[PDB]
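To start, the structure under review is shown below, and the notes come after it.
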2 protein chains.
Amino acid sequence: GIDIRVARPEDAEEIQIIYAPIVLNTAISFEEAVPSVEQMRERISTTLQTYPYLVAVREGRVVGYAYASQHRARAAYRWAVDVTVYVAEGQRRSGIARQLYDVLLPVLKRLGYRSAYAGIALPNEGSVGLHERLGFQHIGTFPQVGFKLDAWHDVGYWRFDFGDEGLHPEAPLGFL
Amino acid sequence: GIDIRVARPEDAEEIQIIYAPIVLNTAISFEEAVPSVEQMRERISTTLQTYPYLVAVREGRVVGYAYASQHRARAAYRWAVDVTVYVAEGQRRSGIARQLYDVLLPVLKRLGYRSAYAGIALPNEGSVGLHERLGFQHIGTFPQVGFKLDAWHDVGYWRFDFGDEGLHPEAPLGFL
Ligand SMILES: CP(=O)(O)CC[C@H](N)C(=O)O
Ligand SMILES: CP(=O)(O)CC[C@H](N)C(=O)O
């Protein structure tokens with residue numbers, strides 16, 4: 001009942017089940033083509049080489065996942081990280097989401113990142129409240145920055161601060 | 001006498017001369033490695049395959065350049081584009097920058113983009129005023145997102161709305 005494990009490439013099929021509808025029918029993800037199970041399988045592997053990738057299991061099945069990712073490419077951005085959480089289309093009011101974050105965030109802090117950023121396609125008052133009750137501060141919005149499903153969607157950014165200012169290179173999740 | 005030209009890889013050298021010290025000792029660019037002339041020569045070629053790359057020439061020399069680049073990776077971001085302008089560290093109080101934007105922006109609009117974004121490392125009253133008097137809206141700031149030269153830097157984003165809501169795929173600057 002909502003236990004959080006480190007993900008694995010074998011969990012690709014159940015992560016795709018969650019992600020496929022989001023891509024086809026929502027503007028939650030700004031992708032337009034559904035990645036295959038094998039494609040999701042390479043993503044998980046690639047991510048785990050440097051970043052945490054978590055899954056939330058319930059009754060022995062994956063009902064949610066969360067992974068971190070590079071914020072930007074330039075060197076001076078290395079203490080910044082993107083965070084991404086998708087719960088399965090129904091077991092929300094989450095819950096699963098807050099928990100996935102309750103594990104992902106402290107692990108991020110340990111590795112040395114100073115800030116975490118979440119992209120939230122607007123409107124999504126449910127997703128917004130979640131982040132804001134975790135401590136995320138809204139720091140900006142890119143209006144009409146994207147076009148999907150015959151509509152112009154804004155993208156807002158929420159920052160989670162870890163603090164600090166001594167500056168040493170962010171270590172990676174033990175290179176899986 | 002302040003003339004705006006479409007860049008070509010032969011301008012690589014003079015582009016670096018402007019850009020190399022900016023990387024070494026400013027927070028304007030978050031690159032840490034100083035790019036060579038060959039590296040810059042490949043960036044110009046690659047950019048010109050899809051995006052406009054401009055230079056400002058006066059007295060037969062480059063005094064400012066400007067280029068467009070992909071804003072984000074995912075498909076629904078395809079009508080959004082990043083903009084970058086660097087002028088010569090002695091020919092500023094520009095001038096040059098305004099003339100670059102006077103050319104770059106309308107090209108972008110005719111290419112089918114709906115919004116252009118400029119990322120400004122803060123503080124910079126010089127660059128901020130420029131964008132504000134051109135029509136850019138401040139849409140947010142990423143606080144302490146970068147660390148370089150023993151200091152944490154905020155990055156601001158300014159948006160230039162081209163308008164429209166009919167949505168046809170952005171065309172490239174007549175590919176090389
Ligand atoms: C709108 P987008 O595709 O940029 C980000 C999607 C999701 N919120 C995430 O955190 O990955
Ligand atoms: C403020 P800046 O000039 O470093 C922008 C960096 C670039 N967006 C990135 O991909 O890191």
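The two copies A and B are related by a rotation, and the chain A beta carbon nearest its axis, with distance in whole angstrom, is A:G140, 1. Taking Cβ atoms as reference points and 12 Å as the exclusive limit, the residues near B:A27 contribute a net charge of -2, counting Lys and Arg as +1 and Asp and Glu as -1. Measuring r between the beta carbons of A:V107 and B:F175 and using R0 = 51 Å, the FRET efficiency lands at 0.70. Here is the size of segment B:1-104 from its Cα atoms: Rg then Dmax, 13.6, 42 Å.
Can you figure out the FRET efficiency of B:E31 with A:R58, using R₀ = 45 Å and their beta-carbon distance, to the nearest 0.05?
On the way: r = 45 Å, r/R0 = 0.99.
So the FRET efficiency works out to roughly 0.50.
Calculated FRET efficiency, A:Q137 to B:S45, Cβ-Cβ distance, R0 = 45 Å: about 0.65 to the nearest 0.05.
The listed peptides A:81-94, A:125-138, B:75-88, ordered by packing as a protection proxy, come out as B:75-88, A:81-94, A:125-138 (highest mean of other Cβ atoms within 10 Å first). Cross-link partners of A:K148 among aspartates and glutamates, defined as those whose alpha carbon lies under 16 angstrom from its own and excluding same-chain residues fewer than eight positions apart: A:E31, A:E32, B:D164, B:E165, B:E170. Distances between copies of B:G166, taken at a point 7 Å out from Cα along the Cα→Cβ vector and listed shortest first: 5.9 nm. Starting from the Cα gyration tensor of chain A, take the square roots of the eigenvalues, sort them a ≥ b ≥ c, and report rounded, prolate or oblate (rounded when a/c is under 1.5, otherwise prolate if a/b is larger than b/c, else oblate). The shape class here is rounded. Its residue count N fixes a reference of 2.2 N^0.38 Å for the protein assembly as shown, and the Cα radius of gyration divided by that reference is 1.05.
Take each residue of peptide A:146-158, count the partner chain Cβ atoms within 10 Å of its Cβ, and average: the result is 4.
A crude spin-label estimate for the pair A:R93 and B:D161, with each label 7 Å from Cα along the Cβ direction, gives 3.7 nm.
Near the amide H of A:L54, within less than 5 Å, lie the amide hydrogens of A:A7, A:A66, A:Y67, all on another chain or at least 5 residues away, with H placed in the peptide plane.
What whole-number distance in Å separates the alpha-carbon centres of segment B:26-49 and segment A:113-160? Cα centroid to Cα centroid, the span is 31 Å.
Tally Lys/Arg at +1 and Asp/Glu at -1 over every other residue whose Cβ is under 14 Å from the Cβ of A:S115; what's the total?
Working: positive: A:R72, A:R78, A:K109, A:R114, A:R159; negative: A:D82, A:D161, A:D164, A:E165, A:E170, B:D154.
With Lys, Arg at +1 and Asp, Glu at -1, the net is -1.
Per residue, chain A reaches -9000 deg cm²/dmol at 222 nm when only DSSP H runs of four or more residues are counted, each adding -39500 (n - 2.57). Membrane-span-like helices in chain B, defined purely by DSSP H runs whose alpha carbon atoms cover 18 Å or more axially and whose average Kyte-Doolittle hydropathy reaches -0.5, are B:12-25, B:96-111. Here's how it looks for A:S29: its modeled amide H is under 5 Å from none belonging to a residue 5 or more places away or on a different chain.
A quick note on method: Cβ atoms are made from the backbone with ideal geometry, for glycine too, and the neighbour counts reach across all protein chains shown. All of the numbers you see were taken from the coordinates with simple rules; none came from a lab.
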